[PDB]
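Undergrad: Mind having a look at this structure? Questions to follow.
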Amino acid sequence: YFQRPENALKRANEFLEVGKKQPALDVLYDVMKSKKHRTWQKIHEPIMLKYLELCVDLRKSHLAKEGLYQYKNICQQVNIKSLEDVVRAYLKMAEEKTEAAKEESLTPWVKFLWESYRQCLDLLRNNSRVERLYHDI
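When we follow our numbering, the leftmost residue of the sequence shown carries the number 15, and every step to the right adds one.
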């Protein structure tokens, strides 16, 4: 039922429309950390990136780290760069939340950001294919 894969994201939006944001986030986590994922195309990594992004709004850092790591362990097989791309995505998302909170004003948000940088660095650490992305972060 993965393909067409326009359903997980839709249902996430639906779950948020009813205001059950956390249920929506946890739902996407289930999708991207599913065992069928390795067989699945790198494209889902797009979906995983979106899920990681919602995670940012809810400041659910723990779930985010676990989402990314667990997704990475599954995906090594194919669409490997995808890991670097969702890493980049995560960083750009938290890096924009800092812009928002700073421009509107907050400590937690700085700590959230630090914790995010740290997690991405420990995720990308020591990987030939992730060296450029790691160096960037």
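Note that the Cβ used here is the ideal one computed from N, Cα and C, for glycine as well.
By the three-class DSSP mapping on this structure, what secondary structure does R18 have?
TA: DSSP places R18 in coil when its eight states are reduced to three.
Undergrad: To which residues of the same chain is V144 closer than 6 Å at the C-beta, ignoring the five residues directly before and after it?
TA: Once the five neighbours on either side are set aside, the close Cβ partners of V144 are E98, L138.
Undergrad: Going by C-alpha to C-alpha distance, which of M46, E113, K111, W123 sits closest to residue 8?
TA: As displayed, the chain neither begins before 15 nor continues past 151, which places residue 8 out of reach and without an answer.
Undergrad: Under three-state DSSP, which class holds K111?
TA: Helix, per DSSP.
Undergrad: Assuming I57 is part of the alpha helix (DSSP H), what are its boundary residues?
TA: Counting along the chain, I57 falls outside any alpha helix (DSSP H), and DSSP gives it neither H nor E.
Undergrad: Three-state secondary structure (DSSP) at residue 1?
TA: This structure does not reach residue 1, given that the chain is present from 15 up to 151, and the question cannot be answered.
Undergrad: Distance, Cα to Cα, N140 vs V32?
TA: When rounded, the distance between both Cα atoms is 42 Å.
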